[PDB]
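Data from structure.cif: mmCIF, N, CA and C atoms
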data_upload
#
loop_
_atom_site.label_atom_id
_atom_site.label_comp_id
_atom_site.auth_asym_id
_atom_site.auth_seq_id
_atom_site.Cartn_x
_atom_site.Cartn_y
_atom_site.Cartn_z
N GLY A 390 -33.54 -10.87 2.99
CA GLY A 390 -33.79 -12.12 3.72
C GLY A 390 -32.50 -12.83 3.99
N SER A 391 -32.58 -14.08 4.39
CA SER A 391 -31.39 -14.86 4.62
C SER A 391 -31.00 -15.54 3.31
N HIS A 392 -30.18 -14.84 2.52
CA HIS A 392 -29.68 -15.30 1.22
C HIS A 392 -30.78 -15.36 0.14
N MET A 393 -31.78 -16.22 0.37
CA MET A 393 -32.83 -16.56 -0.59
C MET A 393 -32.27 -17.43 -1.67
N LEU A 394 -32.52 -18.71 -1.53
CA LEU A 394 -31.98 -19.72 -2.41
C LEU A 394 -32.61 -19.60 -3.80
N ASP A 395 -31.76 -19.44 -4.79
CA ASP A 395 -32.17 -19.21 -6.17
C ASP A 395 -32.68 -20.45 -6.88
N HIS A 396 -33.92 -20.37 -7.29
CA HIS A 396 -34.60 -21.36 -8.11
C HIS A 396 -35.58 -20.65 -8.98
N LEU A 397 -36.63 -20.17 -8.34
CA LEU A 397 -37.69 -19.45 -8.98
C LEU A 397 -38.63 -19.01 -7.89
N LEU A 398 -38.51 -17.78 -7.51
CA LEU A 398 -39.39 -17.20 -6.54
C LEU A 398 -40.29 -16.25 -7.27
N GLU A 399 -41.54 -16.62 -7.41
CA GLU A 399 -42.50 -15.80 -8.10
C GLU A 399 -42.71 -14.53 -7.35
N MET A 400 -42.44 -13.46 -8.01
CA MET A 400 -42.70 -12.14 -7.53
C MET A 400 -42.65 -11.22 -8.72
N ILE A 401 -43.62 -10.35 -8.84
CA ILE A 401 -43.79 -9.54 -10.04
C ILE A 401 -44.27 -8.17 -9.62
N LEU A 402 -45.47 -8.14 -9.09
CA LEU A 402 -46.10 -6.94 -8.61
C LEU A 402 -46.56 -7.19 -7.18
N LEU A 403 -46.83 -6.13 -6.46
CA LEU A 403 -47.27 -6.22 -5.08
C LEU A 403 -48.75 -6.62 -5.01
N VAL A 404 -49.25 -6.84 -3.81
CA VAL A 404 -50.63 -7.29 -3.65
C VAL A 404 -51.44 -6.29 -2.83
N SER A 405 -51.21 -6.29 -1.54
CA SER A 405 -51.88 -5.41 -0.61
C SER A 405 -50.83 -5.03 0.40
N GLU A 406 -50.22 -3.90 0.23
CA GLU A 406 -49.08 -3.60 1.04
C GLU A 406 -49.38 -2.72 2.23
N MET A 407 -49.21 -3.30 3.39
CA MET A 407 -49.36 -2.62 4.66
C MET A 407 -48.29 -3.15 5.61
N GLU A 408 -47.24 -3.69 5.01
CA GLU A 408 -46.19 -4.34 5.75
C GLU A 408 -45.14 -3.32 6.20
N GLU A 409 -44.49 -3.62 7.29
CA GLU A 409 -43.44 -2.80 7.80
C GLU A 409 -42.15 -3.57 7.80
N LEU A 410 -41.21 -3.11 7.04
CA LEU A 410 -39.89 -3.69 7.04
C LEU A 410 -39.14 -3.01 8.19
N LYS A 411 -39.46 -1.73 8.36
CA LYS A 411 -38.89 -0.82 9.35
C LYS A 411 -37.45 -0.52 9.04
N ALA A 412 -37.24 0.58 8.37
CA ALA A 412 -35.93 0.95 7.90
C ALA A 412 -35.76 2.46 7.92
N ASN A 413 -36.76 3.15 7.45
CA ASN A 413 -36.74 4.61 7.37
C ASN A 413 -37.95 5.16 8.10
N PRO A 414 -37.83 6.33 8.73
CA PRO A 414 -38.94 6.94 9.47
C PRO A 414 -40.05 7.49 8.57
N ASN A 415 -39.70 7.87 7.32
CA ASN A 415 -40.66 8.44 6.36
C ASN A 415 -41.80 7.46 6.12
N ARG A 416 -41.46 6.32 5.61
CA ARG A 416 -42.38 5.21 5.44
C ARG A 416 -41.61 4.03 5.95
N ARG A 417 -42.27 3.04 6.49
CA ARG A 417 -41.55 1.93 7.10
C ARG A 417 -41.07 0.88 6.10
N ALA A 418 -40.89 1.32 4.86
CA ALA A 418 -40.36 0.51 3.79
C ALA A 418 -40.05 1.41 2.60
N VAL A 419 -38.88 2.05 2.63
CA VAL A 419 -38.41 2.96 1.58
C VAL A 419 -36.91 3.00 1.60
N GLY A 420 -36.35 3.70 0.67
CA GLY A 420 -34.94 3.89 0.60
C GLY A 420 -34.65 5.23 -0.02
N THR A 421 -33.41 5.56 -0.17
CA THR A 421 -33.03 6.84 -0.70
C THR A 421 -32.27 6.71 -2.01
N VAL A 422 -32.53 7.63 -2.90
CA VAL A 422 -31.86 7.66 -4.18
C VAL A 422 -30.54 8.41 -4.02
N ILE A 423 -29.47 7.91 -4.62
CA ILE A 423 -28.16 8.54 -4.47
C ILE A 423 -27.87 9.54 -5.58
N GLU A 424 -28.27 9.21 -6.78
CA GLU A 424 -28.16 10.10 -7.92
C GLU A 424 -29.22 9.71 -8.91
N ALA A 425 -29.74 10.65 -9.63
CA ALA A 425 -30.79 10.36 -10.56
C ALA A 425 -30.78 11.36 -11.67
N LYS A 426 -30.89 10.89 -12.89
CA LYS A 426 -30.85 11.77 -14.03
C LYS A 426 -31.50 11.07 -15.20
N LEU A 427 -31.62 11.74 -16.29
CA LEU A 427 -32.16 11.13 -17.46
C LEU A 427 -31.04 10.67 -18.36
N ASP A 428 -31.26 9.61 -19.03
CA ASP A 428 -30.35 9.16 -20.03
C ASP A 428 -31.11 9.11 -21.33
N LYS A 429 -30.62 9.80 -22.33
CA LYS A 429 -31.26 9.86 -23.65
C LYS A 429 -31.40 8.50 -24.37
N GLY A 430 -30.79 7.46 -23.85
CA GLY A 430 -30.93 6.16 -24.46
C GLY A 430 -31.59 5.15 -23.55
N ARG A 431 -31.17 5.14 -22.31
CA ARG A 431 -31.66 4.18 -21.31
C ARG A 431 -32.98 4.66 -20.70
N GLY A 432 -33.18 5.96 -20.73
CA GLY A 432 -34.37 6.55 -20.19
C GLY A 432 -34.07 7.20 -18.86
N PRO A 433 -35.09 7.57 -18.08
CA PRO A 433 -34.87 8.11 -16.74
C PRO A 433 -34.28 7.04 -15.82
N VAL A 434 -33.07 7.27 -15.35
CA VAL A 434 -32.36 6.31 -14.53
C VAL A 434 -32.19 6.86 -13.12
N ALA A 435 -32.27 6.00 -12.16
CA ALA A 435 -32.11 6.41 -10.78
C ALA A 435 -31.23 5.43 -10.05
N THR A 436 -30.05 5.87 -9.67
CA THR A 436 -29.16 5.05 -8.92
C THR A 436 -29.57 5.21 -7.47
N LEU A 437 -29.92 4.16 -6.84
CA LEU A 437 -30.45 4.22 -5.52
C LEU A 437 -29.92 3.09 -4.65
N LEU A 438 -30.24 3.15 -3.39
CA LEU A 438 -29.90 2.09 -2.47
C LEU A 438 -31.22 1.46 -2.01
N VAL A 439 -31.51 0.25 -2.48
CA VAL A 439 -32.76 -0.41 -2.12
C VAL A 439 -32.77 -0.78 -0.63
N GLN A 440 -33.70 -0.18 0.08
CA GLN A 440 -33.75 -0.33 1.52
C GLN A 440 -35.12 -0.85 1.95
N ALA A 441 -36.08 -0.76 1.05
CA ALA A 441 -37.45 -1.13 1.35
C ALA A 441 -37.62 -2.64 1.32
N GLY A 442 -36.67 -3.31 0.71
CA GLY A 442 -36.72 -4.73 0.59
C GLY A 442 -35.82 -5.19 -0.51
N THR A 443 -36.41 -5.61 -1.58
CA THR A 443 -35.70 -6.18 -2.69
C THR A 443 -36.21 -5.51 -3.97
N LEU A 444 -35.31 -5.17 -4.87
CA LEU A 444 -35.70 -4.47 -6.08
C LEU A 444 -35.54 -5.42 -7.25
N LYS A 445 -36.56 -5.56 -8.01
CA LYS A 445 -36.58 -6.47 -9.12
C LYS A 445 -37.11 -5.75 -10.37
N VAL A 446 -36.80 -6.26 -11.54
CA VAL A 446 -37.35 -5.71 -12.75
C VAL A 446 -38.83 -6.05 -12.85
N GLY A 447 -39.60 -5.08 -13.25
CA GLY A 447 -41.01 -5.28 -13.32
C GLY A 447 -41.74 -4.72 -12.12
N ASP A 448 -41.00 -4.29 -11.11
CA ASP A 448 -41.61 -3.71 -9.91
C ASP A 448 -42.25 -2.39 -10.18
N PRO A 449 -43.45 -2.18 -9.63
CA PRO A 449 -44.08 -0.90 -9.66
C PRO A 449 -43.48 -0.06 -8.54
N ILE A 450 -42.68 0.86 -8.91
CA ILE A 450 -41.90 1.59 -7.98
C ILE A 450 -42.38 3.01 -7.82
N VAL A 451 -42.38 3.49 -6.61
CA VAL A 451 -42.79 4.84 -6.33
C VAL A 451 -41.58 5.62 -5.92
N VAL A 452 -41.20 6.57 -6.72
CA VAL A 452 -40.08 7.42 -6.43
C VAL A 452 -40.61 8.81 -6.20
N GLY A 453 -40.52 9.26 -4.98
CA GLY A 453 -41.03 10.55 -4.62
C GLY A 453 -42.53 10.57 -4.62
N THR A 454 -43.10 11.03 -5.69
CA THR A 454 -44.52 11.12 -5.80
C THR A 454 -44.99 10.51 -7.15
N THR A 455 -44.06 9.96 -7.91
CA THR A 455 -44.37 9.36 -9.20
C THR A 455 -44.07 7.86 -9.15
N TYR A 456 -44.90 7.06 -9.78
CA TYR A 456 -44.70 5.64 -9.82
C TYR A 456 -44.43 5.20 -11.24
N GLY A 457 -43.69 4.15 -11.37
CA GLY A 457 -43.35 3.60 -12.66
C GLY A 457 -43.06 2.13 -12.52
N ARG A 458 -42.45 1.54 -13.50
CA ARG A 458 -42.15 0.13 -13.47
C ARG A 458 -40.72 -0.08 -13.91
N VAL A 459 -39.95 -0.79 -13.10
CA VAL A 459 -38.53 -1.03 -13.38
C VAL A 459 -38.33 -1.75 -14.70
N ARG A 460 -37.70 -1.06 -15.61
CA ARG A 460 -37.46 -1.57 -16.93
C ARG A 460 -36.18 -2.44 -16.92
N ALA A 461 -35.08 -1.84 -16.54
CA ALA A 461 -33.80 -2.50 -16.48
C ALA A 461 -33.19 -2.32 -15.11
N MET A 462 -32.39 -3.26 -14.70
CA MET A 462 -31.75 -3.22 -13.41
C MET A 462 -30.25 -3.30 -13.61
N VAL A 463 -29.55 -2.28 -13.22
CA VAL A 463 -28.10 -2.29 -13.28
C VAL A 463 -27.59 -2.08 -11.89
N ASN A 464 -26.72 -2.92 -11.43
CA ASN A 464 -26.31 -2.85 -10.04
C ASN A 464 -25.02 -2.08 -9.87
N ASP A 465 -24.57 -2.04 -8.64
CA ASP A 465 -23.33 -1.40 -8.17
C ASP A 465 -22.11 -1.76 -9.01
N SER A 466 -22.05 -2.99 -9.46
CA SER A 466 -20.92 -3.45 -10.20
C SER A 466 -21.08 -3.19 -11.70
N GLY A 467 -22.25 -2.73 -12.11
CA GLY A 467 -22.43 -2.33 -13.49
C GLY A 467 -23.00 -3.42 -14.35
N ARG A 468 -23.53 -4.43 -13.72
CA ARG A 468 -24.11 -5.52 -14.45
C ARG A 468 -25.62 -5.39 -14.49
N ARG A 469 -26.18 -5.61 -15.66
CA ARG A 469 -27.61 -5.73 -15.83
C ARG A 469 -28.06 -7.02 -15.17
N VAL A 470 -29.09 -6.94 -14.36
CA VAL A 470 -29.62 -8.10 -13.66
C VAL A 470 -31.13 -8.07 -13.64
N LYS A 471 -31.70 -9.04 -12.99
CA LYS A 471 -33.13 -9.20 -12.92
C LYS A 471 -33.66 -8.80 -11.54
N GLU A 472 -32.87 -9.07 -10.56
CA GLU A 472 -33.25 -8.92 -9.18
C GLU A 472 -32.02 -8.54 -8.34
N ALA A 473 -32.18 -7.58 -7.46
CA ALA A 473 -31.12 -7.13 -6.59
C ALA A 473 -31.60 -7.11 -5.16
N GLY A 474 -30.73 -7.43 -4.24
CA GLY A 474 -31.12 -7.54 -2.86
C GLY A 474 -30.90 -6.25 -2.10
N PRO A 475 -31.39 -6.17 -0.86
CA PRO A 475 -31.26 -4.97 -0.03
C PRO A 475 -29.82 -4.64 0.29
N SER A 476 -29.58 -3.37 0.60
CA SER A 476 -28.28 -2.85 0.97
C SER A 476 -27.32 -2.78 -0.23
N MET A 477 -27.85 -2.95 -1.43
CA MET A 477 -27.04 -2.86 -2.62
C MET A 477 -27.52 -1.72 -3.52
N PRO A 478 -26.59 -0.85 -3.96
CA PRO A 478 -26.90 0.22 -4.90
C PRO A 478 -27.25 -0.34 -6.26
N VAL A 479 -28.37 0.07 -6.77
CA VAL A 479 -28.82 -0.34 -8.07
C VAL A 479 -29.44 0.83 -8.78
N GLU A 480 -29.43 0.79 -10.06
CA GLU A 480 -29.99 1.82 -10.86
C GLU A 480 -31.16 1.27 -11.63
N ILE A 481 -32.30 1.85 -11.38
CA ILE A 481 -33.53 1.43 -12.02
C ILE A 481 -33.84 2.34 -13.18
N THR A 482 -34.84 1.98 -13.90
CA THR A 482 -35.30 2.70 -15.07
C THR A 482 -36.79 2.48 -15.18
N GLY A 483 -37.44 3.25 -16.01
CA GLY A 483 -38.85 3.05 -16.23
C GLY A 483 -39.74 3.87 -15.32
N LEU A 484 -39.23 4.96 -14.79
CA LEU A 484 -40.08 5.85 -14.02
C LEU A 484 -40.86 6.74 -14.98
N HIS A 485 -40.22 7.02 -16.12
CA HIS A 485 -40.77 7.82 -17.23
C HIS A 485 -41.10 9.27 -16.78
N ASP A 486 -40.49 9.67 -15.70
CA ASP A 486 -40.67 10.97 -15.11
C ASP A 486 -39.33 11.31 -14.49
N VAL A 487 -39.16 12.48 -13.95
CA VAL A 487 -37.86 12.89 -13.43
C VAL A 487 -37.61 12.35 -12.00
N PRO A 488 -36.62 11.47 -11.83
CA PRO A 488 -36.27 10.99 -10.52
C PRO A 488 -35.27 11.94 -9.85
N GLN A 489 -35.34 12.07 -8.55
CA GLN A 489 -34.46 12.99 -7.86
C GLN A 489 -33.54 12.30 -6.88
N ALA A 490 -32.32 12.75 -6.86
CA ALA A 490 -31.33 12.29 -5.92
C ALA A 490 -31.68 12.82 -4.53
N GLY A 491 -31.67 11.95 -3.55
CA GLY A 491 -32.01 12.37 -2.21
C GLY A 491 -33.47 12.16 -1.91
N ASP A 492 -34.20 11.64 -2.88
CA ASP A 492 -35.60 11.40 -2.72
C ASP A 492 -35.77 10.06 -2.06
N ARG A 493 -36.97 9.64 -1.96
CA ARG A 493 -37.30 8.43 -1.29
C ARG A 493 -38.18 7.58 -2.18
N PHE A 494 -37.86 6.34 -2.26
CA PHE A 494 -38.58 5.43 -3.11
C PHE A 494 -39.03 4.23 -2.32
N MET A 495 -40.12 3.67 -2.73
CA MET A 495 -40.72 2.55 -2.03
C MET A 495 -40.81 1.32 -2.94
N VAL A 496 -40.09 0.26 -2.58
CA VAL A 496 -40.12 -1.00 -3.35
C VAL A 496 -40.19 -2.18 -2.40
N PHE A 497 -41.34 -2.82 -2.27
CA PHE A 497 -41.41 -3.99 -1.42
C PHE A 497 -42.52 -4.97 -1.80
N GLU A 498 -42.13 -6.19 -2.03
CA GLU A 498 -43.04 -7.32 -2.06
C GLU A 498 -42.30 -8.41 -1.33
N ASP A 499 -41.12 -8.71 -1.84
CA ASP A 499 -40.09 -9.54 -1.21
C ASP A 499 -40.61 -10.89 -0.64
N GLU A 500 -40.97 -10.91 0.63
CA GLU A 500 -41.43 -12.12 1.29
C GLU A 500 -42.86 -12.45 0.94
N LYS A 501 -43.54 -11.52 0.29
CA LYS A 501 -44.99 -11.56 0.03
C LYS A 501 -45.43 -12.91 -0.51
N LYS A 502 -44.80 -13.33 -1.57
CA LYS A 502 -45.16 -14.57 -2.23
C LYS A 502 -44.60 -15.78 -1.52
N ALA A 503 -43.41 -15.65 -0.95
CA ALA A 503 -42.79 -16.74 -0.19
C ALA A 503 -43.71 -17.09 0.99
N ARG A 504 -44.08 -16.08 1.71
CA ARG A 504 -45.00 -16.12 2.83
C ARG A 504 -46.38 -16.62 2.37
N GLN A 505 -46.79 -16.21 1.16
CA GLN A 505 -48.07 -16.63 0.58
C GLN A 505 -48.08 -18.13 0.35
N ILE A 506 -46.99 -18.65 -0.21
CA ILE A 506 -46.85 -20.08 -0.47
C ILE A 506 -46.75 -20.84 0.85
N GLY A 507 -46.14 -20.21 1.82
CA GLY A 507 -45.94 -20.82 3.10
C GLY A 507 -44.48 -21.16 3.31
N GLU A 508 -43.63 -20.46 2.58
CA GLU A 508 -42.21 -20.67 2.64
C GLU A 508 -41.61 -19.87 3.78
N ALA A 509 -42.02 -18.63 3.89
CA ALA A 509 -41.52 -17.75 4.93
C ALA A 509 -42.44 -17.81 6.13
N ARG A 510 -42.16 -17.00 7.14
CA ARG A 510 -42.97 -16.99 8.32
C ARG A 510 -44.32 -16.34 8.10
N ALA A 511 -45.33 -17.08 8.40
CA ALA A 511 -46.70 -16.65 8.34
C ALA A 511 -47.43 -17.37 9.44
N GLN A 512 -47.73 -18.63 9.17
CA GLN A 512 -48.38 -19.54 10.08
C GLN A 512 -48.75 -20.79 9.32
N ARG A 513 -47.90 -21.77 9.35
CA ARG A 513 -48.24 -23.03 8.75
C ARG A 513 -49.07 -23.79 9.74
N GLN A 514 -49.98 -24.53 9.23
CA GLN A 514 -50.91 -25.25 10.02
C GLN A 514 -50.92 -26.67 9.51
#

Can you dump the structure from the file as structure tokens?
Amino acid sequence: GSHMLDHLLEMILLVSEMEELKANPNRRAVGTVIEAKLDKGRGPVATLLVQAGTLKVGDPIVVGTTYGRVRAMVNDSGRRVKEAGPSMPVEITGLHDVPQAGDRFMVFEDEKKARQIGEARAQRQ
């Protein structure tokens, strides 16, 4: 989005997703994983480029054909965070299955709640 002013934007899990961000031809809201492997301590980790929207901890993420929930978020700079924005490489965890590099993952709620509240574009009346 346009920056997204930090206060408290409720977003946790998705609701009813039929939205098109339009980014990849595979699904109109996905991204590609750059490297993915298991870590004997951190768990199955997947360094990816979030393209579907915004990647946050707690997201139910679908990587390839397996879904999981983002346990920890480590970004491009190597910092653990809570929420990362689009176009930024981040490494997720909590797939509990084998993630693959070059695969495609789907993560999007993003405007869902903002729009729900009436913050983003929907239709205020």

Go through region 467-489 of chain A residue by residue and, counting all atoms listed in the file, keep those with an atom at most 8 Å from region 419-426 of chain A; for each kept residue give the shortest atom pair and its distance in Å to one decimal, ordered by chain and increasing number, as CSV.
residue,atom,partner,partner_atom,distance
A:486,C,A:426,C,7.9
A:487,CA,A:426,C,6.8
A:488,C,A:425,CA,4.8
A:489,C,A:425,N,5.0

For a test of reading the model, state the distance in Å between atom C of residue 450 (chain A) and atom C of residue 469 (chain A), rounded to one decimal. 19.0 Å

Could I get the residues of region 409-456 of chain A with an atom no further than 6 Å from an atom of region 474-485 of chain A, each paired with its nearest atom pair and that distance in Å to one decimal, using all atoms listed in the file, sorted by chain and residue number, as CSV?
residue,atom,partner,partner_atom,distance
A:432,C,A:483,N,5.9
A:433,C,A:482,CA,4.5
A:434,CA,A:481,C,4.4
A:435,C,A:480,CA,3.9
A:436,CA,A:480,CA,3.9
A:437,N,A:479,C,3.9
A:438,CA,A:478,CA,4.3
A:439,C,A:476,N,4.3
A:440,N,A:476,N,5.2
A:442,C,A:475,N,4.6
A:443,CA,A:475,N,4.7
A:444,N,A:474,N,5.1
A:456,C,A:484,CA,5.2

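Separating atom C of residue 414 (chain A) from atom C of residue 490 (chain A) is a distance of 16.4 Å.
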
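Going from CA of residue 406 (chain A) to CA of residue 463 (chain A) covers 25.4 Å.
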
Long-range neighbours of residue 502 (chain A) as a PyMOL selection string, 12 Å cut-off, only C-alpha atoms, 4 positions minimum in chain: chain A and resi 397-405+497-498+506-511

Using the file's own x, y and z axes, what box holds all listed atoms of region 437-447 of chain A with 3 Å on each side, keeping edges along x, y and z, and what are its centre and edge lengths in Å to one decimal, as AutoDock Vina command-line options?
--center_x -35.8 --center_y -1.1 --center_z -5.7 --size_x 17.8 --size_y 16.7 --size_z 21.3

Residues within 6 Å of (-40.8, -0.9, -10.2), file coordinates, counting only C-alpha atoms: what are they? Give the list as a ChimeraX atom specification. /A:447-450,457-459

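Distances from A:413, A:390, A:465, A:430 to residue 504 (chain A) were compared using only C-alpha atoms, and the smallest one belongs to A:390.
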
Taking the DSSP secondary structure from the backbone, can you list the residues of chain A that are strand (DSSP E or B), as a PyMOL selection string? chain A and resi 420-428+432-438+444-445+449-452+455-458+462-464+469-470+472-473+478-482+493-495

Could you find all residues in chain A that DSSP calls alpha helix (DSSP H) from the backbone, and write them as a short mmCIF file (atom, residue, chain, number, x, y, z; two decimals) with N, CA and C atoms, in the frame of the given file?
data_model
loop_
_atom_site.label_atom_id
_atom_site.label_comp_id
_atom_site.auth_asym_id
_atom_site.auth_seq_id
_atom_site.Cartn_x
_atom_site.Cartn_y
_atom_site.Cartn_z
N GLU A 500 -40.97 -10.91 0.63
CA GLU A 500 -41.43 -12.12 1.29
C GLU A 500 -42.86 -12.45 0.94
N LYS A 501 -43.54 -11.52 0.29
CA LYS A 501 -44.99 -11.56 0.03
C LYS A 501 -45.43 -12.91 -0.51
N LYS A 502 -44.80 -13.33 -1.57
CA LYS A 502 -45.16 -14.57 -2.23
C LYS A 502 -44.60 -15.78 -1.52
N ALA A 503 -43.41 -15.65 -0.95
CA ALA A 503 -42.79 -16.74 -0.19
C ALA A 503 -43.71 -17.09 0.99
N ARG A 504 -44.08 -16.08 1.71
CA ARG A 504 -45.00 -16.12 2.83
C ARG A 504 -46.38 -16.62 2.37
N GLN A 505 -46.79 -16.21 1.16
CA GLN A 505 -48.07 -16.63 0.58
C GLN A 505 -48.08 -18.13 0.35
N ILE A 506 -46.99 -18.65 -0.21
CA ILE A 506 -46.85 -20.08 -0.47
C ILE A 506 -46.75 -20.84 0.85
#

From A:513, A:467, A:492, A:441, residue lying nearest residue 409 (chain A) [all atoms listed in the file]: A:441

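Of the listed residues A:417, A:396, A:431, A:493, the one whose atoms come nearest to residue 453 (chain A) is A:493, with distances taken using all atoms listed in the file.
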
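Checking A:468, A:445, A:392, A:451 one by one against residue 495 (chain A), counting only N, CA and C atoms, you find the shortest gap at A:451.
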
Could you give me region 492-508 of chain A completed to N, CA, C and O atoms, formatted as a PDB file, in the coordinates of the input?
ATOM      1  N   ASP A 492     -34.200  11.640  -2.880  1.00  0.00           N
ATOM      2  CA  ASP A 492     -35.600  11.400  -2.720  1.00  0.00           C
ATOM      3  C   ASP A 492     -35.770  10.060  -2.060  1.00  0.00           C
ATOM      4  O   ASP A 492     -34.782   9.378  -1.725  1.00  0.00           O
ATOM      5  N   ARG A 493     -36.970   9.640  -1.960  1.00  0.00           N
ATOM      6  CA  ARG A 493     -37.300   8.430  -1.290  1.00  0.00           C
ATOM      7  C   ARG A 493     -38.180   7.580  -2.180  1.00  0.00           C
ATOM      8  O   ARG A 493     -39.138   8.081  -2.799  1.00  0.00           O
ATOM      9  N   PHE A 494     -37.860   6.340  -2.260  1.00  0.00           N
ATOM     10  CA  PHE A 494     -38.580   5.430  -3.110  1.00  0.00           C
ATOM     11  C   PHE A 494     -39.030   4.230  -2.320  1.00  0.00           C
ATOM     12  O   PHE A 494     -38.360   3.809  -1.378  1.00  0.00           O
ATOM     13  N   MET A 495     -40.120   3.670  -2.730  1.00  0.00           N
ATOM     14  CA  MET A 495     -40.720   2.550  -2.030  1.00  0.00           C
ATOM     15  C   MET A 495     -40.810   1.320  -2.940  1.00  0.00           C
ATOM     16  O   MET A 495     -41.513   1.359  -3.966  1.00  0.00           O
ATOM     17  N   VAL A 496     -40.090   0.260  -2.580  1.00  0.00           N
ATOM     18  CA  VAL A 496     -40.120  -1.000  -3.350  1.00  0.00           C
ATOM     19  C   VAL A 496     -40.190  -2.180  -2.400  1.00  0.00           C
ATOM     20  O   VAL A 496     -39.182  -2.509  -1.764  1.00  0.00           O
ATOM     21  N   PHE A 497     -41.340  -2.820  -2.270  1.00  0.00           N
ATOM     22  CA  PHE A 497     -41.410  -3.990  -1.420  1.00  0.00           C
ATOM     23  C   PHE A 497     -42.520  -4.970  -1.800  1.00  0.00           C
ATOM     24  O   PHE A 497     -43.681  -4.594  -1.936  1.00  0.00           O
ATOM     25  N   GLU A 498     -42.130  -6.190  -2.030  1.00  0.00           N
ATOM     26  CA  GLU A 498     -43.040  -7.320  -2.060  1.00  0.00           C
ATOM     27  C   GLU A 498     -42.300  -8.410  -1.330  1.00  0.00           C
ATOM     28  O   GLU A 498     -42.759  -8.913  -0.303  1.00  0.00           O
ATOM     29  N   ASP A 499     -41.120  -8.710  -1.840  1.00  0.00           N
ATOM     30  CA  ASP A 499     -40.090  -9.540  -1.210  1.00  0.00           C
ATOM     31  C   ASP A 499     -40.610 -10.890  -0.640  1.00  0.00           C
ATOM     32  O   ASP A 499     -40.753 -11.863  -1.381  1.00  0.00           O
ATOM     33  N   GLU A 500     -40.970 -10.910   0.630  1.00  0.00           N
ATOM     34  CA  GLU A 500     -41.430 -12.120   1.290  1.00  0.00           C
ATOM     35  C   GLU A 500     -42.860 -12.450   0.940  1.00  0.00           C
ATOM     36  O   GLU A 500     -43.317 -13.540   1.229  1.00  0.00           O
ATOM     37  N   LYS A 501     -43.540 -11.520   0.290  1.00  0.00           N
ATOM     38  CA  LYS A 501     -44.990 -11.560   0.030  1.00  0.00           C
ATOM     39  C   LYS A 501     -45.430 -12.910  -0.510  1.00  0.00           C
ATOM     40  O   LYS A 501     -46.308 -13.553   0.056  1.00  0.00           O
ATOM     41  N   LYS A 502     -44.800 -13.330  -1.570  1.00  0.00           N
ATOM     42  CA  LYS A 502     -45.160 -14.570  -2.230  1.00  0.00           C
ATOM     43  C   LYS A 502     -44.600 -15.780  -1.520  1.00  0.00           C
ATOM     44  O   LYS A 502     -45.246 -16.813  -1.460  1.00  0.00           O
ATOM     45  N   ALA A 503     -43.410 -15.650  -0.950  1.00  0.00           N
ATOM     46  CA  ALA A 503     -42.790 -16.740  -0.190  1.00  0.00           C
ATOM     47  C   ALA A 503     -43.710 -17.090   0.990  1.00  0.00           C
ATOM     48  O   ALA A 503     -44.071 -18.228   1.210  1.00  0.00           O
ATOM     49  N   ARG A 504     -44.080 -16.080   1.710  1.00  0.00           N
ATOM     50  CA  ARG A 504     -45.000 -16.120   2.830  1.00  0.00           C
ATOM     51  C   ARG A 504     -46.380 -16.620   2.370  1.00  0.00           C
ATOM     52  O   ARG A 504     -47.030 -17.385   3.066  1.00  0.00           O
ATOM     53  N   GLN A 505     -46.790 -16.210   1.160  1.00  0.00           N
ATOM     54  CA  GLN A 505     -48.070 -16.630   0.580  1.00  0.00           C
ATOM     55  C   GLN A 505     -48.080 -18.130   0.350  1.00  0.00           C
ATOM     56  O   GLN A 505     -49.058 -18.812   0.678  1.00  0.00           O
ATOM     57  N   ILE A 506     -46.990 -18.650  -0.210  1.00  0.00           N
ATOM     58  CA  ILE A 506     -46.850 -20.080  -0.470  1.00  0.00           C
ATOM     59  C   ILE A 506     -46.750 -20.840   0.850  1.00  0.00           C
ATOM     60  O   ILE A 506     -47.265 -21.957   0.981  1.00  0.00           O
ATOM     61  N   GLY A 507     -46.140 -20.210   1.820  1.00  0.00           N
ATOM     62  CA  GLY A 507     -45.940 -20.820   3.100  1.00  0.00           C
ATOM     63  C   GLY A 507     -44.480 -21.160   3.310  1.00  0.00           C
ATOM     64  O   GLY A 507     -44.130 -22.020   4.112  1.00  0.00           O
ATOM     65  N   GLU A 508     -43.630 -20.460   2.580  1.00  0.00           N
ATOM     66  CA  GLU A 508     -42.210 -20.670   2.640  1.00  0.00           C
ATOM     67  C   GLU A 508     -41.610 -19.870   3.780  1.00  0.00           C
ATOM     68  O   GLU A 508     -40.803 -20.383   4.560  1.00  0.00           O
TER      69      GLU A 508
END
